[PDB]
Amino acid sequence: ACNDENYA
Amino acid sequence: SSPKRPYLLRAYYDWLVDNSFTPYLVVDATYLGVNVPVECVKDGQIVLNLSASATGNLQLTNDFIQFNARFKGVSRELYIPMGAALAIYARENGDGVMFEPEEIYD
């Protein structure tokens, strides 16, 4: 996936 | 009658999450209105982690998918027209669905 595993 | 895609997208999203899987979305980067960081585009597609921990304020509406996500530490807001959503599956095993084409999305 393109986005980091953790948003917060 | 409106498209079934958003209803099926939500059904699978919930099934995946409820069964301890991490929902990944496959997006058509060329579809009109797609609003995501360019660095995400590869082979004309985008793969996104839609889990609650990888996103913020996730909305799966009938016409679009919208949420905040972090990229290499940078928070960005994404907007994905439903017509560009190609599939949703489990990161863990690939179980999911490949949406059927629907006239309206053309």
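No lab work stands behind these numbers, since they all come straight from the coordinates. Cβ placement follows ideal geometry from the backbone for every residue including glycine, while neighbour counts extend to all protein chains displayed.
Okay, here's what the table says:
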| item | result |
| --- | --- |
| Prolate/oblate/rounded label for the protein assembly as shown (Cα gyration tensor, a/c 1.5) | oblate |
| Per-residue [θ]222 nm for chain B (sum of -39500 (n - 2.57) over DSSP H runs n ≥ 4, rounded to 500) | -4500 deg cm²/dmol |
| Gain upon complete extension [B:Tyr79, B:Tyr7; 0.36 nm per residue less C-alpha separation] | 24.1 nm |
| Sequence-distant residues sharing a close amide H with B:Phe71 (under 5 Å, placed H) | A:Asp4, B:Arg76 |
| Net lengthening on full extension, B:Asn19/B:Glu92 (0.36 nm per residue, minus Cα-Cα) | 25.2 nm |
| Amide H contacts under 5 Å for B:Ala54, placed H, 5+ residues apart | A:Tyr7 |
| Neighbour-limited loop hits for trypsin sites (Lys or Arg not before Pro), region B:41-106 (at most 13 other Cβ within 10 Å; DSSP other than H, G, I, E, B) | B:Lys72 |
